[PDB]
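In: Partial complex here, more coming in a sec:
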Amino acid sequence: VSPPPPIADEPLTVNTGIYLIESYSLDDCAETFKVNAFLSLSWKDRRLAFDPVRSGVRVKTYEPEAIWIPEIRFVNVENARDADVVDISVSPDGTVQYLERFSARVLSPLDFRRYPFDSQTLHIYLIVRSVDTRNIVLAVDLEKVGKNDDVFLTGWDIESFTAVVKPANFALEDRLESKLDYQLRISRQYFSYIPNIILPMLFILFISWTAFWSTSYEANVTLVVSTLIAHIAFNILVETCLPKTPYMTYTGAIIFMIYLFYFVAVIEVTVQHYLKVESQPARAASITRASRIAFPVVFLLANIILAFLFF
Amino acid sequence: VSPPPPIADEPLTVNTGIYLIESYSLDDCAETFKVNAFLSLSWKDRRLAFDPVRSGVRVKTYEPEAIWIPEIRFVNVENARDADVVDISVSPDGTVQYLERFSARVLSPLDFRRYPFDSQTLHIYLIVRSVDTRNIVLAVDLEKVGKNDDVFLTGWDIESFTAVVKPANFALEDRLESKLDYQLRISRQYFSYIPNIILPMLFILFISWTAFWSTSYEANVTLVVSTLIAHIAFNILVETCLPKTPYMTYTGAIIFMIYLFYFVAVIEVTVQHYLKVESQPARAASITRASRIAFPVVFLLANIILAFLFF
Amino acid sequence: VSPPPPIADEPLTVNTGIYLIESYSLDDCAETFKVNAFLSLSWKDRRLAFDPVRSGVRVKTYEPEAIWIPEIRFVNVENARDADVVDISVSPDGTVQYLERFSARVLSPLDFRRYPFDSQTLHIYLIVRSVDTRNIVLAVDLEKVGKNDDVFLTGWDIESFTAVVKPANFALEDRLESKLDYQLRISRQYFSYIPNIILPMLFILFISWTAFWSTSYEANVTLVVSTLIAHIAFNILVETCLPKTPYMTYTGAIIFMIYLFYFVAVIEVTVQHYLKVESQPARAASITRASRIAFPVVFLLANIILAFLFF
């Protein structure tokens, strides 16, 4: 079968709808997520119009092979979606109501700048390519756009699932293409990061600052260097796959700062020891006493600056 | 072929049954489990009724293509099930007995609050979407619901496999959906956690408390900081992928408390040393002596409170 | 097509055979193994019997579609096997000789109690479900059961590949099922565990016992605590994915004992130091001197008890 002909020169409108049944496997490192949903399609085919009285039914059911069906695809998918046609209904005026259930792995970039206090807009791009006999344009049927109440993404809060009504019409490979943007907004559940990651990492850093209440060089070396090892080992324990970004992130800046702090603490411990050995205890004592305040104060200030710069 | 028509207006009843053959890959991180089972279906189609005397047969066998079959799907699956039709039998009255063997990856959320002493109810939701001509409703054949004796889930005790008899009937995209809840009750085998994880982790923490029987600051620094490293290294060794939860868990609270305890132990060691150096040994001695009791007592008390709050 | 009818009321016997070509990927954690083999099937169909006089051919070759073939499946597989029909031969009396080459991922539970000195019996369960007209029973053709000489399983010694001749006949989903048990006996190659894992782990433990020849508390703390870190780090290096078991294992008991030994060694080091500081060197000296013998002796004794208890 070939596409329905226009009455006049008009393009064929395909009314679309996506209804989320399941969302899962949001992979931060791959920048992908898996979706299981309904894809509803609607268009007019006058060749399928009938008289309900002379035919004996109010609705007609067809097998996909029996009628012409627009070839709809997703742009940002890894491999083509897994689809099962659920229903094909034709109304007296020739209106076709198509419904399929599909599953797909969607490629959608993420912004890590505010991780782990970030929000993301996931995109699902629907596309149709025009045929020789006529142009095909996509539209959104808002009554057929939504999500199941029990839809969840582990580690995320689902904000909304909507579609940008106006399609993007453009030329690709010498034909017109009609593209729709379906948007899934999510915000990361940051709660667990506080007791699990941030607080223990700060405790380890605070342990190193005890070296400012000790004049024992051997003990101070153990304090600063062993806490540095504990910090690295803790980071191995707690690490999750985050991809390499061409921009600076909030977490990246803090982590770099923590390393810088271990380094400066070694400098202080080295300087305090050298001055004592070189018969200058007054200088050594005033540097250590200032460090007791300078280290937590500079750390608190830098964090406020970073929090302000990123949020 | 379209669905069988009704006698009066009554909906078509599809009698369901799921029999577990294999259960495997219960992934705590992904909150999924794989299942290999039988799906039995039964309904009556009058258009299939025959005279056994004329036909010379008491039962008729059909290929799926030859007859109308209800489109049954699973709600909480990653991809649509891989199914192999085993048998289709039609009796003289038009009763169809359908049987398939299928494999599916099921998405079912887990409650980690009581991990590793948790129990879970895994769900397998069966669904049917109604058609234009008639409404399709699902029913449970509790007799045809079971599991093979050899069915095992590594690390779990399988309690029961059943279904909630009453289906959930609701509207979705202008059509009725009939949903059945099949429930697989499991409880975690916690035994191994005691010698493998809990006891060695406690031993490492108890080692740090020996610093309260020593006035050597250099030895105490090594004790507390090196045990903190041992704790982290031990946690790397025994870790399993638990996902990040928006709620506090029993294990999460304990682990945080263990870090807090290493931190407070450093504080004590720092304070005891500072008072000795600042010519106050009486204060330093009474703080260390109180710590010998305060540390195990507060630890035992906090654990009882947490165990009470979570169980 | 439909099954061959019986002459008298006798069930149809399907003579089976499995011949191993390749065995691989024995996954201890998943409790699965992959197999590549031949599945030979043989049964009698009188409708296919032909007179060798007015025909021409000695044996007739058929395509799977042309004739009735029993639906044979594996019980303990993840997904249905990938099979390629190699040959279908029909002899004058209607004896059908079927041959396929298949690959499958088999789910077979393992007993870890004696790991790494364990032996396992891997099972491949063949099954047939009976039909409306007649009952189907499985049998073993011993001349068609075996394995290729080159068959190897990395890390294991293949003892034998046999079948339990008597099938297990039972009811399931209102029909008779005939199940055969094919057994692949294997024993773990434990050799490498001795130089790679056991010996270095013992050396690390023996290092901690040197603390009984030293009265230096600072050195003893480093000895016991740093060896505990070395032990944990070594275990991270050599670990393999053994699953969590509801029973105690030989390795599990030894590893727990090693942790207990590090703990008791800290106790001793703590006690020896405390007694010296509390003007009791005689007691401290006799505890350390006894520990020099008590630690290796108790360790040797406990190991003998455990080895006896598990073997």
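Out: Received the coordinates, thanks. Numbering: from 1, shown residues only, chains lettered A, B, ... in the order given.

In: what about the longest helix in chain A?
Out: helix A:281-310 (DSSP state H).

In: Name the residues of it that are buried.
Out: Buried residues in helix A:281-310, counted by 16 or more other CB atoms under 10 Å in any protein chain shown: A:284, A:287, A:288, A:291, A:295, A:299, A:310. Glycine gets a C-beta too; all of them are placed from N, C-alpha and C.

In: now, which of those sits nearest residue A:236?
Out: residue A:299 (23.0 Å; CB to CB).

In: measure that closest one to residue A:202 for me?
Out: Counting by CB to CB, to the nearest Å, the gap from residue A:299 to residue A:202 is 9 Å.

In: Repeat that for residue A:142.
Out: 48 Å.

In: cool, residue A:243 as well?
Out: 26 Å.

In: Compare those two (neighbour count), which wins?
Out: Neighbours per residue (other CB atoms under 10 Å in any protein chain shown) separate residue A:243 from residue A:202, with residue A:202 holding more: 14 against 11.

In: which stretch of helix or strand covers that one?
Out: Here residue A:202 sits within helix A:199-208, counting by DSSP states H and E.

In: List the buried residues in the helix or strand following that helix.
Out: Downstream of helix A:199-208, the next assigned helix or strand under DSSP H and E is helix A:217-238. Neighbour-count burial for helix A:217-238 flags A:217, A:219-231, A:233-234, A:237-238 (criterion: 16+ other CB under 10 Å).

In: what's the answer for stretch A:130-147, then?
Out: A:130-131, A:134-140, A:144-147.

In: again, but for stretch A:260-277
Out: A:261, A:262, A:265, A:266, A:268, A:269, A:272, A:273, A:275, A:276.

In: can you list contacts of it?
Out: Applying CB atoms under 8 Å, 6 or more residues apart in numbering or on different chains, the contact partners of stretch A:260-277 are A:205, A:208-209, A:211-212, A:215, A:217, A:220-221, A:223-225, A:227-228, A:231, A:281, A:283-284, A:287-288, A:291, A:295, A:299.

In: repeat that with 6 Å
Out: A:208, A:211, A:217, A:220, A:224, A:228, A:283, A:284, A:287, A:288, A:291 (CB atoms under 6 Å, 6 or more residues apart in numbering or on different chains).

In: Pretty sure the last one sits against residue A:212.
Out: Spelled out, that is residue A:291. Yes: taking contacts as CB atoms under 6 Å, residue A:291 lies within contact range of residue A:212: 4.6 Å.

In: So what's the residue count around residue A:55?
Out: Using other CB under 10 Å, the number of residues around residue A:55 comes to 10.

In: Another chain to add, chain D:
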Amino acid sequence: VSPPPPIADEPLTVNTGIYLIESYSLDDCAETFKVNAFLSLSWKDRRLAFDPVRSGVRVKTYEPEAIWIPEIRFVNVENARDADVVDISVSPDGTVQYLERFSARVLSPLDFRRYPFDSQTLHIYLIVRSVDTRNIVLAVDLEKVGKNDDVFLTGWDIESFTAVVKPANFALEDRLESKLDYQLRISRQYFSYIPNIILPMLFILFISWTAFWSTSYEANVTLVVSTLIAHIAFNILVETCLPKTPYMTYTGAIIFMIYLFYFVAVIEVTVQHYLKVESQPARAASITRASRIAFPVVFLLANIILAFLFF
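Out: Chain D now in position relative to the chains above:
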């Protein structure tokens, strides 16, 4: 069908085009990348020519089976591509315009010599094998070569996607092969390596150099050996799967140098201590004082030499 015959002795020209829709999974370890693209093909088959006036149509649409299609394959793919034919249009002169959407895993070697400041040229080799009746030659339509604006490779800057116009024509197994080289130029986003990896690794090395301002052998041993552990632990934390190369790399040379530096620092600490103990403090003091300058200077010089040799 067989290929269109030649008018004179000329080969059949197949005009090719590749348009990138998605690029993902650039695996440095496997030296592979996944691609989702359009493959456009164009050639003339005179047997397909028609009269538009008689036919009443200006374009003819065909199913792949109905007409002869050149067998185009990729050389450097893991498996054959997953392709979906989108369009086949025939114009009155017999010009065929073919379009498919495909996904493929491409094997393309990477040069690690300049990692992480490297640039790579990814190759996608298109090939056609000639037939008995006629020679098939590939051509590029650079207009039909491009990429979607949203195409991204995590951690890389996509510079260009082009084709080398001249195909490589050669004999293989007694037939002509026409090969086209499609090139995807990428350059690694090195920014993040500076704060995340290089700077913390240098800080850890600088900590070891503080041993040159201390005469305490116990503190110096801890400084050098504990920083060596911190360096190794840090490398475990921030590391990606680079494959083993038969050539020396920039990163490989630097990392080796860092280990050599830890070794020489131990030598210095050992020598300084030995001379002091052997009543030679003047020598010990001058070696340590020279090391304060020698270590950073030699490190800065060697890095300049390496940077010059590799860039």
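
In: once more on the buried residues of stretch A:260-277, with chain D this time?
Out: So, applying 16+ other CB under 10 Å, buried residues of stretch A:260-277: A:261-266, A:268-276.

In: Please report how far the nearest residue to residue A:236 once chain neighbours are set aside lies from residue C:1.
Out: Spatial nearest neighbour of residue A:236, chain neighbours left out: residue D:237 (5.2 Å); criterion: CB to CB, 6 or more residues apart in numbering or on different chains. Applying CB to CB, the value for residue D:237 to residue C:1 is 64 Å.

In: Looking at those two, which is more packed in?
Out: A count of neighbours by other CB under 10 Å puts residue D:237 above the other of residue D:237 and residue C:1, at 18 against 10.

In: Could I get the contacting residues of residue A:218?
Out: Per CB under 6 Å, 6+ apart, neighbours of residue A:218: B:218, D:218, D:219.

In: okay, those in JSON lines with distance to residue D:65 next?
Out: Shown next, in JSON lines, are the contacts of residue A:218 (distance: CB to CB, whole Å):
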{"residue": "B:218", "distance to residue D:65": "84"}
{"residue": "D:218", "distance to residue D:65": "83"}
{"residue": "D:219", "distance to residue D:65": "81"}
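
In: could you say what helices and strands the helix holding residue A:202 packs with?
Out: Helix A:199-208 is packed against helix A:217-238, helix B:250-277, with contacts defined by 3 or more CB pairs under 6 Å, 6 or more residues apart in numbering or on different chains; DSSP states H and E.

In: now it against helix B:217-238, angle please.
Out: 160 degrees (axes from the mean of the first three to the mean of the last three CA atoms, to 10 degrees).

In: Return the distance of helix A:199-208 from the chain's centre.
Out: How far helix A:199-208 lies from its chain's middle: 30 Å, per CA atoms, centre = their mean, to the nearest Å.

In: and if you look at stretch A:218-237?
Out: For stretch A:218-237, the distance to the chain centre is 34 Å (CA atoms, centre = their mean).

In: What of stretch A:271-290?
Out: So, by CA atoms, centre = their mean, the centroid of stretch A:271-290 is 51 Å from its chain's centroid.

In: Test my guess that residue A:233 contacts residue B:231.
Out: No: distance between residue A:233 and residue B:231: 9.4 Å, which falls outside the contact criterion (CB under 6 Å).

In: Dump the helices and strands packed on helix A:199-208 to JSON lines, plus distance to residue D:197.
Out: Below are these laid out as JSON lines (distance: least, CB to CB, whole Å):
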{"stretch": "helix A:217-238", "distance to residue D:197": "13"}
{"stretch": "helix B:250-277", "distance to residue D:197": "27"}
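
In: between these, which gets nearest to residue C:35?
Out: So among those, helix A:217-238 is nearest, using CB to CB, at 37.7 Å.

In: and chain E, same structure:
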Amino acid sequence: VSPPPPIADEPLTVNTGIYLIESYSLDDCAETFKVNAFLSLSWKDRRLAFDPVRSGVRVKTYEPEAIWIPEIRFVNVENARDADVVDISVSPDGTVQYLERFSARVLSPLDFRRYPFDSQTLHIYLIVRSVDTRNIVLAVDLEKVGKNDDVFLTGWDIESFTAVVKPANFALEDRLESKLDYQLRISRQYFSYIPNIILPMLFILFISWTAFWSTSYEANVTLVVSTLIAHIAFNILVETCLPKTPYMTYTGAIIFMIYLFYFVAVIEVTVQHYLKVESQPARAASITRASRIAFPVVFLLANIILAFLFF
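Out: With chain E now in place:
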């Protein structure tokens, strides 16, 4: 169709050829490698004979379905090769020339005894099972055996790709099988192991030997025990998945020896300290002085013995 009949009772010869296009993913742990190659087949089927004058063609082209094709399989594959048929050419005498491009994961055992200075012979076994009407025998067409110049295996040098001309003909399940051995000779690129693994590991061991130039027990304990931790941590950093072997390997022996050396160094440090404390400094001094030579000498000697025993 069925196989071509014999003129007399001669077997059917199938001339084979394998031409390597790509080789990749040599997995040491799984003992597998992936291959992308051409499989060329040639045999005579007189039923396909034609007169070039009548047909107007000197060569005929067929689709796989249209003619009888020998069922060729690989013995040592995981699943079955997935091939796409490239060409089928029949000459007037009925000589068929078949060509397919395939991809396959091949299971081929590796000898780790000499790792990482090892060489391997990878095998690809081609097989054909004979039929009732006639025996099928495999042959090698040497003009159709080879590899593309660009063929590479990351981490390996490809020496040669050849076939053992004489097939292995044997009986299996009452039928003849004709097996060919295709051999891919490779040698490991060991270069990178020298700066990346061997040299840093030796440096760490040499650091422990500095304890023989120090009488400080506390410093010596830190030296030997902390280097042991560095060694283990380094091994975690550089480790690759070698499988467990029932035989001793060169690398296995060296690694065991390194652990033994750390153990004996602790013994020495323990003995030296004990003798000093037990008023025997002369003995302690001569043991330490002998160790300065004994440790590097015994290490150099044992390595020479091991290198001789393994090479």
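
In: Check the buried residues of stretch A:260-277 one more time with chain E there.
Out: A:261-266, A:268-276.

In: Using CSV, list the CA coordinates for it.
Out: Coordinates of each C-alpha in stretch A:260-277 appear next as CSV, following Å, rounded to 0.1, in the frame of the first residue of the first chain:
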residue,chain,number,x,y,z
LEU,A,260,45.0,21.4,47.7
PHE,A,261,44.1,21.6,51.5
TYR,A,262,46.0,18.3,52.2
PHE,A,263,49.0,19.8,50.3
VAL,A,264,49.0,23.1,52.2
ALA,A,265,48.6,21.2,55.5
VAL,A,266,51.8,19.3,54.7
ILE,A,267,53.5,22.6,53.9
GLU,A,268,52.4,24.0,57.3
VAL,A,269,53.6,20.8,59.1
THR,A,270,56.9,21.0,57.2
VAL,A,271,57.4,24.8,57.9
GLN,A,272,56.5,24.5,61.7
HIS,A,273,59.1,21.6,62.1
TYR,A,274,61.8,23.5,60.1
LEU,A,275,61.5,26.7,62.2
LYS,A,276,61.6,24.7,65.5
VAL,A,277,64.8,22.9,64.4
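
In: if I pick the nearest residue to residue A:46 once chain neighbours are set aside, what's in contact with it?
Out: Nearest residue to residue A:46 in three dimensions, chain neighbours excluded: residue A:94, at 4.8 Å (CB to CB, 6+ apart). Under the criterion of CB under 6 Å, 6+ apart, the neighbours of residue A:94 are A:44, A:45, A:46, A:48, A:49.

In: how much space between residue A:94 and residue A:42?
Out: For residue A:94, the distance to residue A:42 - CB to CB - is 11 Å.

In: do stretch A:31-45 and chain B meet?
Out: No: using CB under 6 Å from any CB of the partner chain, stretch A:31-45 stays clear of chain B, with a minimum separation of 6.6 Å.

In: ok, and what's touching that stretch?
Out: By CB under 6 Å, 6+ apart, stretch A:31-45 touches A:4, A:14-15, A:17-26, A:94-107, A:109-110, A:144.

In: got it, and stretch A:109-129?
Out: So stretch A:109-129 is in contact with A:16, A:31, A:70, A:72-73, A:75-76, A:106, A:108, A:136, A:138, A:175, A:177-188, A:190, A:193, A:245, A:249-251, A:310, going by CB under 6 Å, 6+ apart.

In: which among the residues you listed end up buried?
Out: The buried subset of those - by 16+ other CB under 10 Å - is A:16, A:31, A:70, A:72-73, A:75-76, A:106, A:108, A:136, A:138, A:175, A:177-182, A:184, A:186, A:188, A:190, A:193, A:245, A:249-251, A:310.
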